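Asks: One structure is given below, represented as structure tokens, and several questions about it will come after.
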Amino acid sequence: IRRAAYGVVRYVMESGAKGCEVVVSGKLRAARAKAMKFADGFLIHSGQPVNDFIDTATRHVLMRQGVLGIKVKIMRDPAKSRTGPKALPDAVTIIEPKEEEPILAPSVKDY
Amino acid sequence: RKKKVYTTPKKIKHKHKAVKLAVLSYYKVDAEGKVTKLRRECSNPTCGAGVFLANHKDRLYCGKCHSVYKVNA
RNA sequence: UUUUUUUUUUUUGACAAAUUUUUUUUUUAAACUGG
RNA sequence: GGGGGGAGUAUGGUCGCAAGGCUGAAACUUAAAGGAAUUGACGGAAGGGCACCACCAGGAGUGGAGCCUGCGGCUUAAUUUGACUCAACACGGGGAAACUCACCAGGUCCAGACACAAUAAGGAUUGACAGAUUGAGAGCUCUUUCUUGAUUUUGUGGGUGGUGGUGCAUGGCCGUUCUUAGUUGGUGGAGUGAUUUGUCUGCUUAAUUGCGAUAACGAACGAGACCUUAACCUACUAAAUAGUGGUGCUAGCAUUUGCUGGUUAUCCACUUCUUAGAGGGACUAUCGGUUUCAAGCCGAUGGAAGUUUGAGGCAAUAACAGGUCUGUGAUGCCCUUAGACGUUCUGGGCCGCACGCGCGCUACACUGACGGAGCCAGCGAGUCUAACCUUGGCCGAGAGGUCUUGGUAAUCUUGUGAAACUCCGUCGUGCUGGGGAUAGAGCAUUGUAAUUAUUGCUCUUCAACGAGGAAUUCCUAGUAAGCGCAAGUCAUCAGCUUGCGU
């Protein structure tokens with residue numbers, strides 16, 4: 001379980017994701033169920049940007065002992081987003097100004 | 001629910017087993033060689049002279065029909 | 001002119017036995033001519 | 001001194017009319033007892049904040065009465081069952097006449113795939129008229145004798161199904177901890193270590209929100225930001241599926257040129273009202289006052305809008321043996337699998353009543369009841385190979401019927417002409433013309449079917465209840481409370497819920 005799941009998170013990070021998270025829940029190696037979660041990067045799950053940048057999937061895998069639950073959340077970064085918003089709502093970018101010349105040579109140029 | 005009592009009389013009875021008689025297809029045979037109809041054919045246009053009308057008691061009953069052909073005699 | 005300055009307390013006993021246990025995986029990317 | 005007890009006990013000695021000191025075992029029993037510190041939890045410990053699921057000031061009540069609705073109990077052939085503090089009890093979208101349905105009394109069917117073996121073309125097998133029989137027009141089973149033909153039957157293994165069990169074996173979903181502000185890495189520092197600091201004295205905020213302080217620095221999730229919705233736009237884009245004005249034609253009254261109307265597109269023009277795309281708009285703006293002079297807070301003005309503008313949606317880390325196997329062709333294990341726990345059909349039950357509880361409805365009247373008269377919404381839903389929402393005419397006291405019509409919908413139902421409310425009158429402090437439980441008789445409607453009243457209507461019957469003890473719930477502004485309406489469930493049934501307006 002720990003090898004199959006760390007091989008999925010590292011592939012999604014290799015694919016240019018900003019954060020993804022894999023949860024395996026069920027009777028993993030005992031008779032009493034636990035839940036293991038494997039994560040890298042960061043994920044936002046707060047609001048409308050969840051509808052924009054989060055992709056989720058739930059899968060039922062059928063095992064000898066019972067059923068395990070697979071949950072994968074992937075947060076694609078907004079920089080490579082083609083449509084819709086291209087940044088998180090609280091991300092501000094300041095355009096860097098170009099410095100000017102002080103004296104500016106008081107004169108006239110004509111045509 | 002723990003068990004069943006079956007207050008009905010102890011009937012594991014089943015249907016008649018499509019009762020297995022001996023060979024029966026016999027019009028009648030005379031000597032060399034003719035045959036004539038007994039248990040006569042039906043008046044159905046869709047029974048093309050191949051069905052035998054059983055005579056139980058004052059009844060003529062066809063089995064090609066699901067239920068009922070009554071040419072009583 | 002060290003100058004500032006909320007005074008308090010009635011009654012509240014008890015809750016049977018046992019329990020919940022996590023270990024480090026790659027030995028597997030190892031294949032080349034001598035003309 | 002040499003693990004904890006037994007035990008400073010027993011015995012002997014000694015100090016002795018005393019309490020009792022001093023000296024001092026063993027048998028037996030036991031897997032820890034203990035020390036210091038850490039993180040939580042808890043405190044009838046303290047300090048600082050916060051919340052109408054807390055109180056204060058109050059409002060509306062509930063608890064008292066009748067009913068109808070869940071739960072317990074009792075009863076029963078069965079009254080199927082889960083859930084029991086918040087976080088079970090109008091909850092399972094659970095308003096069950098059949099179906100649902102899991103329960104009870106009974107009857108059919110296999111929908112037992114495939115593989116092997118047997119029977120078997122001198123027929124493996126299937127179906128049936130009438131009668132018996134049966135609740136039954138079930139050929140169930142029997143009497144009878146036709147039909148069928150290789151798919152079935154029998155046996156051995158399996159297969160399949162199960163609202164059968166286990167939610168303490170699980171998945172998913174959901175509730176709750178938890179209407180709050182909380183949580184965690186990386187590198188550095190402290191400590192042998194568990195851990196700790198970062199994540200903080202103070203002030204501030206709805207907020208681990210900030211100002212700042214600082215053995216920490218730089219970060220991540222949560223909060224915020226975000227999205228939806230409600231308010232503003234005489235601004236843009238134009239609308240016979242929304243309007244307005246003029247114009248023709250026309251009605252009434254006044255007549256003087258006016259007022260009120262009608263005219264499905266008569267025509268023209270426009271977009272204030274309506275619709276919906278793109279936008280604008282609030283940032284606590286301006287001023288004043290306060291604090292360390294910061295983050296902020298308070299008051300006034302302006303403004304459609306000054307509580308985070310109002311309301312939501314979304315929503316961390318860790319968890320609970322919380323609920324659900326009765327949502328699932330989600331599922332492990334167990335059980336059952338042909339006289340079945342599968343499935344289906346007739347009946348019945350889930351509604352049965354000495355009684356206790358929870359959510360509610362109607363009331364106890366004059367701020368009222370009754371009768372006329374006025375007349376005002378918003379959210380929505382609606383039928384093609386199927387009968388949905390129904391206008392209008394006619395009939396009927398009413399419920400309802402019938403003949404037609406419009407609508408697949410900003411077009412028609414529908415301006416949903418809702419109810420409280422308002423005006424005028426009758427009543428007159430009397431359980432009375434308040435209240436309408438219980439009950440009788442009739443007429444209809446839905447349905448295959450209405451008995452154990454489905455529901456509607458008409459006449460009659462006229463119960464308790466005179467403001468509800470201890471307790472206890474919800475609530476801070478277009479809110480509480482009053483008042484109805486649409487939708488869900490639905491064929492019929494709303495005293496329920498989800499919304500909406502007044």
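Chain labels A, B, ... are given in the sequence in which chains occur in the structure tokens; within each chain residues are numbered consecutively from 1, and ligands are likewise numbered from 1 in the order shown.
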Compute the set of chain D residues within 8 Å of chain B, using only C-alpha atoms (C1' of nucleotides), and express it as a PDB file with N, CA and C atoms (P, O5', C5', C4', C3', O3' and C1' of nucleotides), in the first residue's frame.

Replies:
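out.pdb, freshly written:
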ATOM      1  P     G D 122     -39.534 -43.789 -30.997  1.00  0.00           P
ATOM      2  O5'   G D 122     -40.128 -45.223 -30.636  1.00  0.00           O
ATOM      3  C5'   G D 122     -39.531 -46.066 -29.659  1.00  0.00           C
ATOM      4  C4'   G D 122     -40.561 -46.666 -28.739  1.00  0.00           C
ATOM      5  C3'   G D 122     -40.202 -46.629 -27.251  1.00  0.00           C
ATOM      6  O3'   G D 122     -41.370 -46.433 -26.445  1.00  0.00           O
ATOM      7  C1'   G D 122     -40.502 -48.869 -27.946  1.00  0.00           C
ATOM      8  P     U D 125     -38.726 -37.828 -17.820  1.00  0.00           P
ATOM      9  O5'   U D 125     -38.482 -36.266 -17.967  1.00  0.00           O
ATOM     10  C5'   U D 125     -39.535 -35.347 -17.739  1.00  0.00           C
ATOM     11  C4'   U D 125     -39.490 -34.213 -18.726  1.00  0.00           C
ATOM     12  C3'   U D 125     -40.672 -33.264 -18.701  1.00  0.00           C
ATOM     13  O3'   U D 125     -40.599 -32.306 -17.663  1.00  0.00           O
ATOM     14  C1'   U D 125     -40.192 -33.854 -20.930  1.00  0.00           C
ATOM     15  P     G D 127     -45.802 -27.623 -17.333  1.00  0.00           P
ATOM     16  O5'   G D 127     -47.049 -27.335 -18.277  1.00  0.00           O
ATOM     17  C5'   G D 127     -47.202 -26.079 -18.918  1.00  0.00           C
ATOM     18  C4'   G D 127     -48.237 -26.140 -20.009  1.00  0.00           C
ATOM     19  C3'   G D 127     -49.652 -26.473 -19.567  1.00  0.00           C
ATOM     20  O3'   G D 127     -50.362 -25.346 -19.092  1.00  0.00           O
ATOM     21  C1'   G D 127     -49.070 -27.841 -21.387  1.00  0.00           C
ATOM     22  P     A D 128     -51.305 -25.479 -17.804  1.00  0.00           P
ATOM     23  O5'   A D 128     -52.630 -26.162 -18.359  1.00  0.00           O
ATOM     24  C5'   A D 128     -53.573 -25.413 -19.109  1.00  0.00           C
ATOM     25  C4'   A D 128     -54.278 -26.264 -20.134  1.00  0.00           C
ATOM     26  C3'   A D 128     -55.578 -26.907 -19.687  1.00  0.00           C
ATOM     27  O3'   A D 128     -56.673 -26.021 -19.814  1.00  0.00           O
ATOM     28  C1'   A D 128     -54.225 -28.510 -20.782  1.00  0.00           C
ATOM     29  P     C D 129     -57.836 -25.997 -18.713  1.00  0.00           P
ATOM     30  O5'   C D 129     -59.092 -26.627 -19.459  1.00  0.00           O
ATOM     31  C5'   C D 129     -59.701 -25.954 -20.549  1.00  0.00           C
ATOM     32  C4'   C D 129     -60.854 -26.738 -21.121  1.00  0.00           C
ATOM     33  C3'   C D 129     -61.910 -27.173 -20.124  1.00  0.00           C
ATOM     34  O3'   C D 129     -62.845 -26.145 -19.849  1.00  0.00           O
ATOM     35  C1'   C D 129     -61.313 -29.007 -21.497  1.00  0.00           C
ATOM     36  P     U D 141     -48.945 -29.905  -9.493  1.00  0.00           P
ATOM     37  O5'   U D 141     -49.892 -31.037  -8.907  1.00  0.00           O
ATOM     38  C5'   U D 141     -49.600 -31.650  -7.665  1.00  0.00           C
ATOM     39  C4'   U D 141     -50.819 -32.284  -7.050  1.00  0.00           C
ATOM     40  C3'   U D 141     -51.566 -33.298  -7.896  1.00  0.00           C
ATOM     41  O3'   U D 141     -50.940 -34.565  -7.931  1.00  0.00           O
ATOM     42  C1'   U D 141     -53.106 -31.848  -6.850  1.00  0.00           C
ATOM     43  P     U D 144     -57.824 -42.451 -14.083  1.00  0.00           P
ATOM     44  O5'   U D 144     -58.390 -41.867 -15.451  1.00  0.00           O
ATOM     45  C5'   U D 144     -59.724 -42.126 -15.853  1.00  0.00           C
ATOM     46  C4'   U D 144     -60.193 -41.127 -16.878  1.00  0.00           C
ATOM     47  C3'   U D 144     -59.354 -41.038 -18.138  1.00  0.00           C
ATOM     48  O3'   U D 144     -59.666 -42.056 -19.066  1.00  0.00           O
ATOM     49  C1'   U D 144     -59.822 -38.863 -17.343  1.00  0.00           C
ATOM     50  P     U D 145     -58.494 -42.807 -19.857  1.00  0.00           P
ATOM     51  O5'   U D 145     -58.062 -41.760 -20.973  1.00  0.00           O
ATOM     52  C5'   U D 145     -59.006 -41.284 -21.923  1.00  0.00           C
ATOM     53  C4'   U D 145     -58.420 -40.218 -22.815  1.00  0.00           C
ATOM     54  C3'   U D 145     -57.298 -40.677 -23.746  1.00  0.00           C
ATOM     55  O3'   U D 145     -57.389 -39.967 -24.975  1.00  0.00           O
ATOM     56  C1'   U D 145     -56.516 -38.932 -22.365  1.00  0.00           C
ATOM     57  P     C D 146     -56.931 -40.659 -26.348  1.00  0.00           P
ATOM     58  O5'   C D 146     -56.496 -39.433 -27.262  1.00  0.00           O
ATOM     59  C5'   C D 146     -55.228 -38.819 -27.099  1.00  0.00           C
ATOM     60  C4'   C D 146     -55.348 -37.320 -27.031  1.00  0.00           C
ATOM     61  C3'   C D 146     -54.123 -36.529 -27.458  1.00  0.00           C
ATOM     62  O3'   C D 146     -54.006 -36.402 -28.861  1.00  0.00           O
ATOM     63  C1'   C D 146     -54.958 -35.652 -25.434  1.00  0.00           C
ATOM     64  P     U D 147     -52.564 -36.442 -29.565  1.00  0.00           P
ATOM     65  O5'   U D 147     -51.860 -35.103 -29.078  1.00  0.00           O
ATOM     66  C5'   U D 147     -52.268 -33.839 -29.577  1.00  0.00           C
ATOM     67  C4'   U D 147     -51.583 -32.724 -28.833  1.00  0.00           C
ATOM     68  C3'   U D 147     -50.069 -32.692 -28.939  1.00  0.00           C
ATOM     69  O3'   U D 147     -49.617 -32.032 -30.106  1.00  0.00           O
ATOM     70  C1'   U D 147     -50.709 -32.480 -26.675  1.00  0.00           C
ATOM     71  P     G D 339     -39.157 -28.863  -2.433  1.00  0.00           P
ATOM     72  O5'   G D 339     -40.655 -28.333  -2.397  1.00  0.00           O
ATOM     73  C5'   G D 339     -41.500 -28.641  -1.301  1.00  0.00           C
ATOM     74  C4'   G D 339     -42.006 -27.406  -0.601  1.00  0.00           C
ATOM     75  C3'   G D 339     -40.930 -26.537   0.031  1.00  0.00           C
ATOM     76  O3'   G D 339     -41.421 -25.198   0.131  1.00  0.00           O
ATOM     77  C1'   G D 339     -42.275 -27.460   1.727  1.00  0.00           C
TER      78        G D 339
END

Asks: Write out as a VMD selection string every residue belonging to chain D that has an atom at most 9 Å from any atom of chain A, counting only C-alpha atoms (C1' of nucleotides).

Replies: chain D and resid 169 to 172 220 to 222 225 to 227 313 to 316 330 to 332

Asks: Keeping C-alpha atoms (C1' of nucleotides), export the residues of the selection given above as a PDB file, in the first residue's frame.

Replies:
ATOM      1  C1'   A D 169     -15.056  -7.043  10.184  1.00  0.00           C
ATOM      2  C1'   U D 170     -15.512  -2.675   6.039  1.00  0.00           C
ATOM      3  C1'   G D 171     -16.323   1.276   1.623  1.00  0.00           C
ATOM      4  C1'   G D 172     -19.018   5.552   0.560  1.00  0.00           C
ATOM      5  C1'   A D 220       1.628  25.375   4.427  1.00  0.00           C
ATOM      6  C1'   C D 221      -3.770  24.238   5.571  1.00  0.00           C
ATOM      7  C1'   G D 222      -7.948  26.642   8.287  1.00  0.00           C
ATOM      8  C1'   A D 225      -9.877  36.214   0.200  1.00  0.00           C
ATOM      9  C1'   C D 226     -13.606  33.256  -3.187  1.00  0.00           C
ATOM     10  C1'   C D 227     -18.756  31.897  -5.310  1.00  0.00           C
ATOM     11  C1'   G D 313     -22.490  27.973  -0.075  1.00  0.00           C
ATOM     12  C1'   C D 314     -17.731  26.286   0.803  1.00  0.00           C
ATOM     13  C1'   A D 315     -14.894  24.881   4.970  1.00  0.00           C
ATOM     14  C1'   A D 316      -8.658  22.507   8.559  1.00  0.00           C
ATOM     15  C1'   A D 330     -20.646  -1.217  -2.560  1.00  0.00           C
ATOM     16  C1'   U D 331     -18.825  -5.317   0.136  1.00  0.00           C
ATOM     17  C1'   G D 332     -15.761  -9.627   3.501  1.00  0.00           C
TER      18        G D 332
END

Asks: Take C1' of residue 298 in chain D and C1' of residue 205 in chain D and report the distance between them in Å, one decimal.

Replies: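 A separation of 15.5 Å between them.
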
Asks: Between D:429, D:80, D:479, D:448, which one has atoms that come closest to residue 368 in chain D, using only C-alpha atoms (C1' of nucleotides)?

Replies: D:429

Asks: Just how far from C1' of residue 88 in chain D is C1' of residue 15 in chain C, in Å to one decimal?

Replies: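 For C1' of residue 15 in chain C relative to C1' of residue 88 in chain D, the distance reads 23.0 Å.
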
Asks: Write down as a PyMOL selection string the residues belonging to chain A that are assigned helix (DSSP H, G or I) by DSSP computed on the backbone.

Replies: chain A and resi 2-14+48-53

Asks: Those same residues, written as a PDB file, in the first residue's frame with C-alpha atoms?

Replies:
ATOM      1  CA  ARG A   2       2.776   2.440   0.894  1.00  0.00           C
ATOM      2  CA  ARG A   3       4.621   1.661  -2.346  1.00  0.00           C
ATOM      3  CA  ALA A   4       1.630   1.784  -4.690  1.00  0.00           C
ATOM      4  CA  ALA A   5       0.568   5.128  -3.224  1.00  0.00           C
ATOM      5  CA  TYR A   6       3.936   6.864  -3.135  1.00  0.00           C
ATOM      6  CA  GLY A   7       4.325   5.849  -6.764  1.00  0.00           C
ATOM      7  CA  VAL A   8       1.161   7.753  -7.644  1.00  0.00           C
ATOM      8  CA  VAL A   9       1.898  10.957  -5.731  1.00  0.00           C
ATOM      9  CA  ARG A  10       5.401  11.220  -7.202  1.00  0.00           C
ATOM     10  CA  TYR A  11       4.052  10.738 -10.724  1.00  0.00           C
ATOM     11  CA  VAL A  12       1.514  13.530 -10.294  1.00  0.00           C
ATOM     12  CA  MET A  13       4.238  15.829  -8.938  1.00  0.00           C
ATOM     13  CA  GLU A  14       6.348  14.931 -11.967  1.00  0.00           C
ATOM     14  CA  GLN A  48     -14.856  28.420  -5.050  1.00  0.00           C
ATOM     15  CA  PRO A  49     -11.201  27.688  -6.043  1.00  0.00           C
ATOM     16  CA  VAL A  50     -11.955  24.074  -5.098  1.00  0.00           C
ATOM     17  CA  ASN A  51     -14.354  23.997  -8.035  1.00  0.00           C
ATOM     18  CA  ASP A  52     -11.565  25.439 -10.212  1.00  0.00           C
ATOM     19  CA  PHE A  53      -8.322  23.693  -9.276  1.00  0.00           C
TER      20      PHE A  53
END
